[PDB]
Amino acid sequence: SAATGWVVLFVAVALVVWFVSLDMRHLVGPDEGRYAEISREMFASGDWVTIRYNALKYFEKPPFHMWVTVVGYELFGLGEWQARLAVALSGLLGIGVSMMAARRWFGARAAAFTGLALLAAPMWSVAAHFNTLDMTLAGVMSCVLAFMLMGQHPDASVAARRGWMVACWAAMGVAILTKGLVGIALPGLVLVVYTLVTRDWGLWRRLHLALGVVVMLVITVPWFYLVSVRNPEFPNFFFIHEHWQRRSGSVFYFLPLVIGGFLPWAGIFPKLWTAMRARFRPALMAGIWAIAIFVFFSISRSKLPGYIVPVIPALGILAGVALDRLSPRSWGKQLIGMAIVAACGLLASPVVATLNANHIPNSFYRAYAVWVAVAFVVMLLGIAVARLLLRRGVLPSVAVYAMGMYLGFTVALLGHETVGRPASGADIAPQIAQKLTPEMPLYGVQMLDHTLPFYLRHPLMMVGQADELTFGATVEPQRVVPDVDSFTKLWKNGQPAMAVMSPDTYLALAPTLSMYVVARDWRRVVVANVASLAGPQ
C-alpha cells in the first residue's frame, strides 16, 4: 500500500469527472430525450407497468431503464444528469464486475489494466454518459459475463458457484427487462458457440439450469404478465412488431464502430486474439462473447451503433490480459502509434468546422471544431506524460495514458453541446412556458419532438403521423388528432392551444390557418391559435 495515494487520487479524479460531465450537456434527441421524458411521465403518474411516451402507450422497449431513471428522479428531481444516471451507473458497473472477473482469473495487475481499458475506451465512456438503453443493457450483460466467469472458477466452492450462477441468471433477467429477449439470446448463443469450440458439454451441468431458469422467470415474468393483462395488445406488439425508422446497412457496419469505440487499444487488437487462443477457458469465453455478438448484430437487418456496446466489457477483459504481458518497449510502440493517430486527429479537427448537418448551421460546428482539437490535444498531453512515466513501469504509463484518453473523449463529448443545445429546444422553452399551461394542449403537427416536451414538463398531443407513437395513437384515438385536416378545425374552433411543427410544416399550413408565432429555433416553430399567447405580430 505504498503508492495507494495515487490510486485513490486517480479513481477520485475519474469519478468526479464521471458524474460532473453528466450535467454539462442538454438532452440530445431522440434517445436521451425519449427515455428522459418517458421516465418523467412514469414518475409523474406512478404507473410503472404501462409505459407511456407523450401520454401514449409505448411498447417498443421494456421498462427497467425507466424504473432506474424514475428512482433517480425520486431521489434527485428532474434534470439532465438525473436522466443520464442509469447509463452512468451501468458504465461503472461494467468496469467493476469486469475487473472483478479479471482479478479472479488473471490477478490484480490484469484487473487494473481492465479497468483502465474500459475507462479509456470511448464507446464505453461516451455510451456511459449518453442516455440510451444500450449502455444499461451493456452493464447488466457485463454482469452476465462476469458472474458466469466467477461461477466457473475451480477454486470456488459449490455455494460460491451456485451464488454466481443465480447471480448470472438474475442478470439475464434484468437484461430481458431492459431490452427484451436479447439478454438471453446472445448469452445462450455465446454459450453454445463456446461448447462447440471447446467441446465441453459438462459445462451445462455447472449452470444451475433449473434454479437459474426459475429465478429468471421470477424476475422477468411479473411485469410481462401485468402489462399483458392490463393491455391485451402488448404481447403481439412487443414480440411481433417489426420496428423501423427513417435499415439497409452493410455487413461491415459495426467494423469502424468497434475500431473507433476501442481506439486507444486498436494497436493491441492482435494481442487480444493471442489472448484467447492461448478446464474452463475464461479469455476464450470473452473472445467468443465479443466475436459472436459482433457477427450477430453484423448480419442483422436493423443496425444501430449501440447494439455493439455489450462487446466492450469482454474486450476490456482481453485488453487487461494483453496489456498485462507487455514489456516497456511494446507499450512504447503503442504510445508512438497512438501519438501519431491522435496528432492526425488534431490536424483533421478543422474538418468538422466545415460541417452543417441535421438543420444546424455551420457556426455551431465551428465552435465544435475547437473542442475536438482540444480533445486531441489533451490526448497528446496524456500520451506525452505517459511516455515520461514509462521509466517507472508499464502499469503507471498505461494508467496515465488511459486517463488522458478518457479526459480527451470526455472533452469531445462535452463539445457536442455546441450543436446539441440549439437542437434540444431548451433555450426557447422558457419563452413558451411563460404562456403554456398544463391544461393547454401542445399539438405536435407531424413532428415528434423528443426534447422540448421534457424541458416544458408537458406532453405533446400528436397530430397526424405519430412516427413511433403511431401504435399508441391508434389504440387510444381519443388522445390524438388523427390528421392535420381535423387539427385545423380544432385549431380555429377548439380551445386555445399551442403547436410545435417544422418550418416547412408552418409554411405548408400558413395559407390554411393563421397562427401567431410563440417561439422559433433552427428545428422548430412554436405557435398559438390566439394572439394573446404570443409576442406582438
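Counting begins at 1, following the sequence as shown.
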- Counting residues of the deposited sequence that sit between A348 and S349 but have no coordinates, the total is none
- Message: What does the record say about the segment between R246 and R247: how many deposited residues are without coordinates (none, 1 to 3, 4 to 9, 10 or more)?
- Response: 4 to 9
- Of 409-417 and 392-400, the stretch whose C-alpha atoms average the higher B-factor in the entry: 392-400
- Message: I need to verify one thing: averaged over C-alpha atoms only, is the B-factor higher for 356-364 or for 377-385?
- Response: 356-364
- Task: Among the candidates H450, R84, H241, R457, give the one with the maximum CA B-factor reported in the record.
- Result: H241
- Task: Could you say which of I308, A127, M276, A266 has its CA atom at the highest B factor, as listed in the PDB entry?
- Result: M276
- Name the third of the chain's ranked CA B-factors that contains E60, choosing lowest, middle or highest. middle
- Query: For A519, does the deposited CA B-factor place it in the lowest, middle or highest third of the chain?
  - Reply: lowest
- Note on the structure: For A121, the third of its chain by CA B-factor is the lowest
- By the entry's values, the third containing the CA B factor of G472 is the lowest
- Message: By the recorded C-alpha temperature factor, relative to the other modelled residues in its chain, which third is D31 in?
- Response: middle
